[PDB]
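J.: Please find one structure pasted underneath; my questions will follow.
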Amino acid sequence: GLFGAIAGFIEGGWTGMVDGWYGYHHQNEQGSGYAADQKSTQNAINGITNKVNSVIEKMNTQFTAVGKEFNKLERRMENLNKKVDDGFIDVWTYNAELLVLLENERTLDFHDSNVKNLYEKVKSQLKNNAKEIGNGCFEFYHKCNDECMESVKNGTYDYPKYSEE
Amino acid sequence: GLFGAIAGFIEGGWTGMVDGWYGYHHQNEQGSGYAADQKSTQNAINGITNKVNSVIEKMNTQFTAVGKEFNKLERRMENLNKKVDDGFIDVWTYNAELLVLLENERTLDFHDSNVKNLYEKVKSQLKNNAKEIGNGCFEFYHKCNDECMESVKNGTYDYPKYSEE
Amino acid sequence: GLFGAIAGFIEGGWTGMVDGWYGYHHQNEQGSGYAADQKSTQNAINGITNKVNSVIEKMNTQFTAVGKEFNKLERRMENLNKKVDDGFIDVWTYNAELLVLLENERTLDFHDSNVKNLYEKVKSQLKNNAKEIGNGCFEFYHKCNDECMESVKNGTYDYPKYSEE
Amino acid sequence: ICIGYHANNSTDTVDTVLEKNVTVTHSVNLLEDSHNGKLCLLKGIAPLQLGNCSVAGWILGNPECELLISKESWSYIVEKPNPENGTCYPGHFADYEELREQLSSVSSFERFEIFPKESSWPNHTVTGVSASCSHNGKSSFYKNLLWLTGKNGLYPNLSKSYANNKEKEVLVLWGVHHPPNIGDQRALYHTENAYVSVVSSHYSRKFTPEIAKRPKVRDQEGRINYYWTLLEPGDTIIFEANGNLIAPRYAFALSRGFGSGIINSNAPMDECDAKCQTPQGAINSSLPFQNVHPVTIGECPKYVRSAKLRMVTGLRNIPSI
Amino acid sequence: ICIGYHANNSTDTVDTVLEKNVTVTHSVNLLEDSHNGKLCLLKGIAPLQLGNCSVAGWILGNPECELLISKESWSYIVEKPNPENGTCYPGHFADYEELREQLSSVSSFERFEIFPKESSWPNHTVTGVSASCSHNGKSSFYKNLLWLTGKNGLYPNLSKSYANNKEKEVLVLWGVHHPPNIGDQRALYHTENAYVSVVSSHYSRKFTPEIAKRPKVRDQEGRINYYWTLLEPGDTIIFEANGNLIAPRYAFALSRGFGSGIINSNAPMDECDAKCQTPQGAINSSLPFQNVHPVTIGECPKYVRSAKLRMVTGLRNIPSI
Amino acid sequence: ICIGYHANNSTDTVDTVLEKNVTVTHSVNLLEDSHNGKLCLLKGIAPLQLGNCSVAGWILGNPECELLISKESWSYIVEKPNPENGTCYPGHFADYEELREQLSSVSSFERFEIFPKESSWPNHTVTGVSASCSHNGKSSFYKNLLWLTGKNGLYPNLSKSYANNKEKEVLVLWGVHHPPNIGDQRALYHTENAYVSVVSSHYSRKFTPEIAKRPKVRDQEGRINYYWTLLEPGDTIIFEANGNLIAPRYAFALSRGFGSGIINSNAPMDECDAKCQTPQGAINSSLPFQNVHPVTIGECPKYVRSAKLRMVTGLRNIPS
Ligand SMILES: *[C@@H]1O[C@H](CO)[C@@H](O[C@@H]2O[C@H](CO)[C@@H](O[C@@H]3O[C@H](CO[C@H]4O[C@H](CO)[C@@H](O)[C@H](O)[C@@H]4O)[C@@H](O)[C@H](O[C@H]4O[C@H](CO)[C@@H](O)[C@H](O)[C@@H]4O[C@@H]4O[C@H](CO)[C@@H](O)[C@H](O)[C@H]4NC(C)=O)[C@@H]3O)[C@H](O)[C@H]2NC(C)=O)[C@H](O)[C@H]1NC(C)=O
Ligand SMILES: *[C@@H]1O[C@H](CO)[C@@H](O[C@@H]2O[C@H](CO)[C@@H](O[C@@H]3O[C@H](CO[C@H]4O[C@H](CO)[C@@H](O)[C@H](O)[C@@H]4O)[C@@H](O)[C@H](O[C@H]4O[C@H](CO)[C@@H](O)[C@H](O)[C@@H]4O[C@@H]4O[C@H](CO)[C@@H](O)[C@H](O)[C@H]4NC(C)=O)[C@@H]3O)[C@H](O)[C@H]2NC(C)=O)[C@H](O)[C@H]1NC(C)=O
Ligand SMILES: *[C@@H]1O[C@H](CO)[C@@H](O[C@@H]2O[C@H](CO)[C@@H](O[C@@H]3O[C@H](CO[C@H]4O[C@H](CO)[C@@H](O)[C@H](O)[C@@H]4O)[C@@H](O)[C@H](O[C@H]4O[C@H](CO)[C@@H](O)[C@H](O)[C@@H]4O[C@@H]4O[C@H](CO)[C@@H](O)[C@H](O)[C@H]4NC(C)=O)[C@@H]3O)[C@H](O)[C@H]2NC(C)=O)[C@H](O)[C@H]1NC(C)=O
Ligand SMILES: *[C@@H]1O[C@H](CO)[C@@H](O[C@@H]2O[C@H](CO)[C@@H](O[C@@H]3O[C@H](CO)[C@@H](O)[C@H](O[C@H]4O[C@H](CO)[C@@H](O)[C@H](O)[C@@H]4O[C@@H]4O[C@H](CO)[C@@H](O)[C@H](O)[C@H]4NC(C)=O)[C@@H]3O)[C@H](O)[C@H]2NC(C)=O)[C@H](O)[C@H]1NC(C)=O
Ligand SMILES: *[C@@H]1O[C@H](CO)[C@@H](O[C@@H]2O[C@H](CO)[C@@H](O[C@@H]3O[C@H](CO)[C@@H](O)[C@H](O[C@H]4O[C@H](CO)[C@@H](O)[C@H](O)[C@@H]4O)[C@@H]3O)[C@H](O)[C@H]2NC(C)=O)[C@H](O)[C@H]1NC(C)=O
Ligand SMILES: *[C@@H]1O[C@H](CO)[C@@H](O[C@@H]2O[C@H](CO)[C@@H](O[C@@H]3O[C@H](CO)[C@@H](O)[C@H](O[C@H]4O[C@H](CO)[C@@H](O)[C@H](O)[C@@H]4O)[C@@H]3O)[C@H](O)[C@H]2NC(C)=O)[C@H](O)[C@H]1NC(C)=O
Ligand SMILES: *[C@@H]1O[C@H](CO)[C@@H](O)[C@H](O)[C@H]1NC(C)=O
Ligand SMILES: *[C@@H]1O[C@H](CO)[C@@H](O)[C@H](O)[C@H]1NC(C)=O
Ligand SMILES: *[C@@H]1O[C@H](CO)[C@@H](O)[C@H](O)[C@H]1NC(C)=O
Ligand SMILES: *[C@@H]1O[C@H](CO)[C@@H](O)[C@H](O)[C@H]1NC(C)=O
Ligand SMILES: *[C@@H]1O[C@H](CO)[C@@H](O)[C@H](O)[C@H]1NC(C)=O
Ligand SMILES: *[C@@H]1O[C@H](CO)[C@@H](O)[C@H](O)[C@H]1NC(C)=O
Ligand SMILES: *[C@@H]1O[C@H](CO)[C@@H](O)[C@H](O)[C@H]1NC(C)=O
Ligand SMILES: *[C@@H]1O[C@H](CO)[C@@H](O)[C@H](O)[C@H]1NC(C)=O
Ligand SMILES: *[C@@H]1O[C@H](CO)[C@@H](O)[C@H](O)[C@H]1NC(C)=O
Ligand SMILES: *[C@@H]1O[C@H](CO)[C@@H](O)[C@H](O)[C@H]1NC(C)=O
Ligand SMILES: [Zn+2]
Ligand SMILES: [Zn+2]
């Protein structure tokens, strides 16, 4: 949507992947599987948990507020009272609804950034070491095993390129 | 602005292009012109129509709101009435002005995202098929006719790259 | 954060750099140092000054608001005054606190965009003239002196590529 | 093949968060600024136009409000800020401001003569008017109240009752009169103690006349205090007095409704129809905000003090290569 | 190696600024909609359940409110929307709504016999009841006030004083009786003048009987107006009267406290220990908002008219391997 | 060439969404917390500092309020929470809280003697005081009201009128006395019925004395109920009475103005020329929010309960 990852050049998610929000789907000769990311997931969890906690924190608990019973020569004070009660309800409803609505697009795009930020740091690591297909995938000229695979999160590479050109 | 497309690496807009917000200006030997995009355009109108309507929805019509006319011995109650009526007008005036102010930067950046999202998806299609000049244009190695050019909307290319090195 | 530059592929700021928010650290034979950028920096200062000023502007100065002194038989009106006084302070507190909280993230994301947008416009400048290490740095194969290096502000290059492939 | 964006010559100014005066391709005035300039109707129904009368006069029936007595249904009420008719006989209108608010709820009237002038008071003179309450050159009095006086040098004990069979609340109005001399009190009512009792099942009050000299208002040294109460279905109201009672002649059976109000306006009336009315003029409401007036009637956009409320929809405009 | 994102079976619909109906992996309801349905306790302490009585009847001692006289502590008060047991003997309740707001702060009572029935009024008969205030088949009277009558054809000048030594404000109530005939007045108090003085250091009022025929309510033509005042620690209240004084019998030493209130609710009582109580039911308050009722008791979520308030936490859901 | 961003030694913490304790290079206070601690002036004009008197005692002239009688202009009013000088002689102050609001609007006075002590009441004694209103060791009374008493065994019918030719609204105060005994009533005014009439063109009220035994407040068993009304330019006010009238002596031609108010404060007076004043102190207002006090006078920042209001201007700070 706002960033090009979701529904853009990576048009989908993987039901197979659990244990995190982001990760990889390696298709190796030594087995395949959905190894879910760790650093970017828990970092996103920290942020959204703070988002939520930081949103309800800003909302005081409504302590006792009860009706007021005005008299027959008090229609005016009765209407003014209702004008206040309704006016504040109106303000808190709008403040509440307008916050989730606006903050929803921001939360979704936040994940968009996290994924697009993960698409890099790997395109940036595999500078000339892998083929970039426009579906969010990388074809290794390497036959990268389960040792260098966990070495895409970090890396002190057997860097020399072997020819496939 | 937030993304580099508008007023950034595409320093101007095209008065020539109508029929949409984004599009292309192909320079082929079989004629040039401003073929305006459709998919990203109608998709963007949907969202801005949603934003606007989802914003005015959150504003219930007023209704009859009338003065209260107090007597010479009800000065306190008069100020409290003036304090409520004015206090609410302020909360709504501020909110309304602050809403368009904040949400305008969001909409402008949204078009930026949409344009930058369209500058991609063509670099993703023309992998080795053209020279990328940073003015939002692509000079082709191919002699892409007015048949494959409209195949930039999707792309089922007679792909083999021709050398121009 | 939202963009990949700050705390991302550029893991820090430079204490050495003063005189601006963004800039460069050239490693030349004619001396090195932290040359602070000018165009994007003042542009960010302009934007941040309006944010602040456009935000305090939306806050009309509180004029005389004093207690109201009810008598022994006006508890209802006494509470109503408190309900109005508090209900509104609650609204202004939330509006004030929630504004800095959300717009602070926008400001950081705003700076992130500017640095990442500055990382571009140079990749668009140094199209094929330097090796990009994903650390926000460029080692030139060129021997760009402090004359062409000061030409990263504009760029009129002794363009020929040197064989380095 | 090139990637770019649309542009036109539009001069639509917009204030963004990092830049003011931002020109944009498309936008929309989210705030209503223009108004009709006239007092229009409200979904077809017309408002109660009080003219030179104040609520005080219309509900008491200031003879100079000859023309307001017909209208008995309405969408809203218009009052001149300083209406020249009202009371006309000096005094206090007990709870005036509440009664205004009572009628602000009313959607229709049925004015009826609770105590018909003719046949309600035999043995009591009912032919009483004042130069202070003059209409068409002649001295008059309110159309809805009635001034009872001694008849044949006698003000016999008074007891008149009304029981509410209108199955609507009946706004009962009456008043008490205060002479300046002891002579006027004695010459008019034939007693100096003078009681005035008004008792319902929800209202009871005993009135007694206070005689004293007062500053001349409307060339009158006396005063007439104006009271009133709503009488719920089934209830009865009993008026008893030894003198000084301005008896009720006409009262009103109220039908309550939603959305009416009292507004002050100098704007003229037309035949235009409108969903929203303000003292300034009608408003053709389609926007959520407006800034012509905080007072509003009907279905209107929420009022704000703002001037622009622009809200861009498109993107930046960059013509000329 | 491919980079992608999580997905689940979640059907959680959510609304964004540019898109409605967005299904997502994870979210939070953020708004309380379900409630307990019953009037529960509040952090253990139970509410003063008024039953068929109104505050007027509870605090005056409507004999039919026999069972409420015991309870002297509570977290909150509940009143039926239409309580049929109150001022059994008709009259005006001076500032009733204010006394209600007074009691909303009280957290505890100390009902005590200010003027003991036996020994407070020798020389005045106090065995006076009315069929309007009938309790258990026999006519009765309010348990907290007391009806002083003539004894042996005399209503001697009355004077009873009380000094507040309770170190708390004393809610004193009293009433004045207005006979319908002159006959009942002379037969009951043996005088037609009849004064009633009630004096504090901060309260003074002289009451006088306005005798008149009124519509019979609870088949009664007379009336009793109910007055009251809080009496500050150290202050003394003096009652003097020539007749028509309905003397105070039991008073209340009020102890003020934090957030209590009077609510109208027809939900039944149960044994649940709710942290929040509303007229509709209790709420197990964890969410920041609520929409069951704007009236609330205890520590509760902010009330809003909203229906959804979802707030996604996860991301877009795109299944199908 | 490397592209990067600035950083400094700043310890400026900021709370953003999704991350607390976020250090940043630059920010702005956005919330005023410090205050002057003293009662300042208001764009030069000084406040009506009432001392031990309550507004009731100030406007009625509690003789112990001698010094407040001079000042006739002020920017705001300051009152002690529990001032022991006010209605020195017990009685009720009719609409007292409202008269506070009326005066809270007032910006200037013209104190003048509506009914001069000498010559206003011949045939009536005016030399009457109460130990309740004692000043400087001697029994006294209010400076602005006047106690009419019977003279030579007679309290003849009273009737006085006043015409507002002051082209400003004139606040008239008066009182009605209720003796505790019928003995005191007969010896003081020489009659037992006793009416007291007060009539303006839009104000009328007849007071009658309720004699009864009451608890002694300020060692007095009697009471004086205090009334007052506004008299518009042109209006005349008519006083009639048979006895028990606490007559007006000094009245006030009121001048209305813009935002003034009454505040409660123990803060001292200073010579500072502050633009905003609160019970706690003055505020050197430049920020949009503040949290020193909800009570405020003049052009001031909106009061909020907040503690922080950080608002970053720079970017994240990352040394090392
Ligand atoms: C609200 O309150 C005001 C009163 O304060 C009232 O306005 C006036 O209403 C009266 C009617 O009661 C108008 O007064 C005069 O009535 C005469 C009748 O006119 C004829 O009309 C037809 C056909 O010929 C017949 O129905 C009828 O029988 C008559 O044949 C008319 O002759 C008067 O004309 C002018 O003559 C003199 C000159 O000195 C003057 O006294 C009048 O006031 C009026 O003078 C001024 O001249 C011009 C031209 O008229 C005008 O521009 C100017 O405004 C006039 N004066 C002022 C002060 O503005 C006249 O019609 C009178 O016009 C109404 N207006 C004013 C301002 O007095 C309202 O009707 C009340 N509204 C209600 C109750 O709804
Ligand atoms: C608020 O106000 C009302 C009235 O004050 C009150 O509730 C209604 O009326 C009575 C209370 O006076 C309710 O209960 C009654 O109980 C009696 C008999 O039951 C026993 O009660 C005690 C304890 O067990 C002992 O004395 C002894 O054990 C009794 O036997 C009796 O008064 C009622 O019995 C029937 O007969 C009466 C005539 O005497 C008749 O009028 C009733 O209608 C009733 O018929 C029953 O109707 C109900 C309706 O469904 C139901 O019980 C059943 O269908 C009928 N009986 C049988 C055996 O099948 C009665 O049981 C009465 O229930 C209340 N009515 C309603 C609709 O609630 C409230 O309690 C008051 N609240 C307060 C004061 O807080
Ligand atoms: C303007 O404002 C000033 C204040 O700046 C005010 O002056 C004060 O006036 C009050 C009286 O209203 C004075 O208080 C009195 O103090 C007297 C002496 O102090 C005794 O108590 C203390 C503490 O225990 C001891 O240290 C000391 O040795 C004394 O024992 C005292 O005599 C007064 O008490 C009673 O005396 C008179 C008549 O004799 C009578 O009013 C009462 O009997 C009174 O009160 C009694 O006690 C309680 C009060 O708590 C009361 O409830 C009870 O009913 C009373 N008892 C009886 C039997 O009825 C009184 O306490 C004070 O000293 C004055 N000066 C100062 C500097 O405070 C002026 O009066 C004001 N001028 C105006 C308005 O014109
Ligand atoms: C405590 O609370 C209880 C409620 O639990 C109260 O009791 C209830 O309220 C009434 C008073 O006791 C009782 O109402 C009755 O309704 C019956 C309807 O037919 C009938 O028995 C009476 O109502 C009318 O009936 C006749 C018509 O044929 C009349 O002769 C009769 O007098 C009544 O008439 C008129 O009613 C209308 C009402 O619209 C009035 O406007 C008129 O004023 C009435 N006529 C006259 C001449 O005045 C009877 O009223 C009800 O039975 C009773 N019991 C219950 C269980 O509800 C207690 O009174 C209360 N006690 C306190 C507060 O001390
Ligand atoms: C319905 O409203 C009309 C006005 O729209 C109202 O009639 C007006 O009433 C006043 C008072 O009667 C008039 O104003 C007068 O002006 C004339 C001359 O221009 C003067 O004679 C009056 O002066 C006073 O005279 C003495 C000196 O002060 C006093 O002893 C005496 O009490 C007078 O007040 C006064 O200044 C005005 O002319 C009329 N007419 C109009 C057209 O305004 C009418 O009374 C209202 N209806 C009812 C039933 O009262
Ligand atoms: C408010 O109320 C209080 C009491 O009701 C009152 O505080 C009092 O103020 C005055 C003046 O500030 C004090 O009266 C003084 O008492 C002492 C001696 O005991 C001295 O300050 C004074 O004596 C000397 O001072 C001067 C010479 O330099 C001369 O004025 C004098 O002749 C003496 O030489 C004077 O007697 C009183 O003590 C205090 N009481 C306290 C503080 O408890 C205050 O004035 C009231 N404010 C008003 C009415 O505006
Ligand atoms: C007063 O009314 C009575 C009512 O019966 C009637 O006889 C007559 O009209 C009047 N009395 C007279 C005229 O004596
Ligand atoms: C008329 O009523 C008065 C007071 O209401 C009373 O004094 C007088 O006796 C009555 N006359 C009768 C009953 O004939
Ligand atoms: C009330 O009764 C009178 C009979 O005197 C009748 O004329 C009137 O129509 C009745 N009211 C209604 C609403 O029918
Ligand atoms: C103004 O009024 C109606 C009602 O809102 C509106 O629909 C219409 O477009 C406008 N024009 C006319 C002529 O009514
Ligand atoms: C919302 O989405 C749900 C699940 O995708 C679907 O069942 C429902 O039809 C949608 N409702 C709309 C679009 O109003
Ligand atoms: C009445 O009571 C008073 C005191 O309360 C007493 O003086 C008098 O003797 C009593 N009369 C009796 C007991 O008859
Ligand atoms: C409230 O009731 C029980 C006991 O606290 C708890 O298990 C339940 O989840 C709660 N209901 C809510 C939070 O809706
Ligand atoms: C940061 O640096 C300057 C001196 O270089 C100093 O004045 C300032 O106080 C320093 N702040 C710190 C160390 O927090
Ligand atoms: C929060 O405060 C500072 C930085 O703001 C730092 O010590 C750390 O992040 C937190 N405090 C502690 C004691 O860790
Ligand atoms: C006061 O006294 C004399 C009578 O002794 C009288 O003539 C004079 O007019 C009176 N003055 C008034 C009432 O102002
Ligand atoms: Zn019982
Ligand atoms: Zn002195």
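Naming works like this for the structure tokens: A, B, ... for the chains as they're shown, residue 1 at the start of each chain, ligands 1 onward in shown order.
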Using only C-alpha atoms and all ligand atoms, find each residue with an atom at most 8 Å away from ligand 1 and format the answer as a PDB file with N, CA, C and O atoms, in the first residue's frame.
T.:
ATOM      1  N   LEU D  50     -42.587  36.690  15.217  1.00  0.00           N
ATOM      2  CA  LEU D  50     -43.151  37.487  16.292  1.00  0.00           C
ATOM      3  C   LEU D  50     -43.207  38.963  15.984  1.00  0.00           C
ATOM      4  O   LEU D  50     -43.862  39.694  16.742  1.00  0.00           O
ATOM      5  N   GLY D  51     -42.536  39.417  14.918  1.00  0.00           N
ATOM      6  CA  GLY D  51     -42.552  40.836  14.606  1.00  0.00           C
ATOM      7  C   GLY D  51     -41.989  41.666  15.749  1.00  0.00           C
ATOM      8  O   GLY D  51     -40.948  41.339  16.340  1.00  0.00           O
ATOM      9  N   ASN D  52     -42.680  42.771  16.061  1.00  0.00           N
ATOM     10  CA  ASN D  52     -42.298  43.705  17.127  1.00  0.00           C
ATOM     11  C   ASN D  52     -42.648  43.226  18.502  1.00  0.00           C
ATOM     12  O   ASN D  52     -42.477  43.995  19.454  1.00  0.00           O
ATOM     13  N   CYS D  53     -43.206  42.031  18.616  1.00  0.00           N
ATOM     14  CA  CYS D  53     -43.589  41.490  19.904  1.00  0.00           C
ATOM     15  C   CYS D  53     -42.459  40.620  20.438  1.00  0.00           C
ATOM     16  O   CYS D  53     -41.675  40.039  19.675  1.00  0.00           O
ATOM     17  N   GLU D  64     -51.425  44.752  20.837  1.00  0.00           N
ATOM     18  CA  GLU D  64     -50.609  45.188  19.703  1.00  0.00           C
ATOM     19  C   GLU D  64     -49.986  44.006  18.956  1.00  0.00           C
ATOM     20  O   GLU D  64     -49.236  44.215  17.981  1.00  0.00           O
ATOM     21  N   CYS D  65     -50.236  42.786  19.443  1.00  0.00           N
ATOM     22  CA  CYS D  65     -49.815  41.563  18.783  1.00  0.00           C
ATOM     23  C   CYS D  65     -51.021  40.915  18.124  1.00  0.00           C
ATOM     24  O   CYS D  65     -51.131  39.688  18.081  1.00  0.00           O
ATOM     25  N   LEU D  67     -51.817  40.309  15.218  1.00  0.00           N
ATOM     26  CA  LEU D  67     -51.504  39.313  14.203  1.00  0.00           C
ATOM     27  C   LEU D  67     -50.824  38.028  14.670  1.00  0.00           C
ATOM     28  O   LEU D  67     -50.862  37.047  13.936  1.00  0.00           O
ATOM     29  N   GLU D  84     -40.346  45.842  21.025  1.00  0.00           N
ATOM     30  CA  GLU D  84     -41.059  46.975  21.606  1.00  0.00           C
ATOM     31  C   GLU D  84     -42.444  46.685  22.146  1.00  0.00           C
ATOM     32  O   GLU D  84     -43.141  47.659  22.433  1.00  0.00           O
TER      33      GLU D  84
END
J.: With a distance threshold of 6 Å and counting only C-alpha atoms, extract the residues of chain C near chain B and express them as a short mmCIF file (atom, residue, chain, number, x, y, z; two decimals) with C-alpha atoms, in the first residue's frame.
T.:
data_model
loop_
_atom_site.label_atom_id
_atom_site.label_comp_id
_atom_site.auth_asym_id
_atom_site.auth_seq_id
_atom_site.Cartn_x
_atom_site.Cartn_y
_atom_site.Cartn_z
CA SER C 113 12.89 10.17 4.61
CA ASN C 117 16.22 10.77 0.01
CA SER C 124 21.37 8.93 -9.33
#
J.: Can you measure CA of residue 235 (chain D) to atom 28 (O, counted along the ligand's line) of ligand 4 for me? One decimal in Å is fine.
T.: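 For CA of residue 235 (chain D) relative to atom 28 (O, counted along the ligand's line) of ligand 4, the distance reads 16.6 Å.
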J.: Between CA of residue 61 (chain E) and CA of residue 105 (chain E), what is the spacing in Å?
T.: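 Those two atoms sit 19.8 Å apart.
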J.: As a PyMOL selection string, please: every residue in region 59-156 of chain A that DSSP puts in helix (DSSP H, G or I).
T.: chain A and resi 75-119
J.: Can you work out which residues from chain D touch chain A at a cut-off of 10 Å (counting only C-alpha atoms) and hand them back as an MDAnalysis selection string?
T.: chainID D and resid 95 97:102 202 229:230
J.: Restricting it to C-alpha atoms, dump the selection as a short mmCIF file (atom, residue, chain, number, x, y, z; two decimals), in the first residue's frame.
T.:
data_model
loop_
_atom_site.label_atom_id
_atom_site.label_comp_id
_atom_site.auth_asym_id
_atom_site.auth_seq_id
_atom_site.Cartn_x
_atom_site.Cartn_y
_atom_site.Cartn_z
CA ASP D 95 -39.85 32.91 35.59
CA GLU D 97 -36.78 32.86 30.86
CA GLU D 98 -38.08 29.39 31.71
CA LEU D 99 -41.39 29.98 29.90
CA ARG D 100 -39.34 30.97 26.86
CA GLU D 101 -37.62 27.59 27.18
CA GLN D 102 -40.97 25.88 27.67
CA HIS D 202 -48.36 20.31 41.43
CA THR D 229 -47.84 27.03 35.37
CA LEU D 230 -48.28 23.96 33.22
#
J.: Just need the residues of chain E within 12 Å of chain D, counting only C-alpha atoms, so spit them out as a short mmCIF file (atom, residue, chain, number, x, y, z; two decimals) with N, CA and C atoms, in the first residue's frame.
T.:
data_model
loop_
_atom_site.label_atom_id
_atom_site.label_comp_id
_atom_site.auth_asym_id
_atom_site.auth_seq_id
_atom_site.Cartn_x
_atom_site.Cartn_y
_atom_site.Cartn_z
N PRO E 90 -49.38 14.52 50.76
CA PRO E 90 -48.94 15.51 49.77
C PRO E 90 -48.44 16.83 50.33
N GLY E 91 -47.56 17.40 49.53
CA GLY E 91 -46.95 18.67 49.81
C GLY E 91 -45.76 18.88 48.92
N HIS E 92 -45.23 20.08 49.03
CA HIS E 92 -44.07 20.46 48.28
C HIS E 92 -42.83 19.95 49.00
N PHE E 93 -41.88 19.46 48.23
CA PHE E 93 -40.62 19.10 48.84
C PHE E 93 -39.65 20.23 48.48
N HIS E 178 -50.88 22.53 56.14
CA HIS E 178 -51.80 23.58 55.75
C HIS E 178 -53.19 22.97 55.65
N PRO E 180 -57.27 22.44 55.05
CA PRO E 180 -58.14 22.90 53.96
C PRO E 180 -59.24 23.86 54.39
N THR E 208 -45.85 30.01 57.44
CA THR E 208 -47.16 30.39 57.79
C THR E 208 -48.11 29.53 56.96
N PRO E 209 -49.25 29.15 57.53
CA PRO E 209 -50.19 28.29 56.79
C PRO E 209 -51.07 29.08 55.84
N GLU E 210 -51.08 28.67 54.57
CA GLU E 210 -51.95 29.26 53.56
C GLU E 210 -53.11 28.27 53.46
N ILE E 211 -54.25 28.63 54.04
CA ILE E 211 -55.41 27.74 54.03
C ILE E 211 -56.23 27.97 52.77
N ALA E 212 -56.55 26.89 52.07
CA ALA E 212 -57.34 26.95 50.85
C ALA E 212 -57.75 25.53 50.46
N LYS E 213 -58.77 25.46 49.61
CA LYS E 213 -59.26 24.19 49.11
C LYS E 213 -58.40 23.79 47.91
N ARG E 214 -57.91 22.57 47.91
CA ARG E 214 -57.01 22.09 46.87
C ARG E 214 -57.54 20.77 46.35
N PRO E 215 -57.15 20.35 45.16
CA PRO E 215 -57.65 19.07 44.65
C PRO E 215 -57.11 17.94 45.50
N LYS E 216 -57.99 17.02 45.83
CA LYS E 216 -57.62 15.90 46.67
C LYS E 216 -56.67 14.97 45.95
N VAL E 217 -55.48 14.79 46.51
CA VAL E 217 -54.47 13.82 46.07
C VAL E 217 -54.24 12.88 47.27
N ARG E 218 -54.31 11.56 47.01
CA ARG E 218 -54.30 10.58 48.09
C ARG E 218 -55.45 10.96 49.02
N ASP E 219 -56.58 11.27 48.36
CA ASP E 219 -57.87 11.66 48.93
C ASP E 219 -57.73 12.76 49.97
N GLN E 220 -56.62 13.47 49.97
CA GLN E 220 -56.36 14.48 50.96
C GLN E 220 -56.48 15.88 50.37
N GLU E 221 -57.19 16.76 51.06
CA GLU E 221 -57.28 18.13 50.60
C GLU E 221 -56.21 18.98 51.25
N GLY E 222 -55.73 18.62 52.43
CA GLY E 222 -54.67 19.37 53.05
C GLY E 222 -53.34 19.09 52.34
N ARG E 223 -52.27 19.69 52.87
CA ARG E 223 -50.91 19.53 52.36
C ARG E 223 -49.86 19.69 53.47
N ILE E 224 -48.68 19.10 53.26
CA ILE E 224 -47.56 19.26 54.18
C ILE E 224 -46.33 19.58 53.37
N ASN E 225 -45.74 20.72 53.60
CA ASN E 225 -44.55 21.05 52.85
C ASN E 225 -43.34 20.56 53.63
#
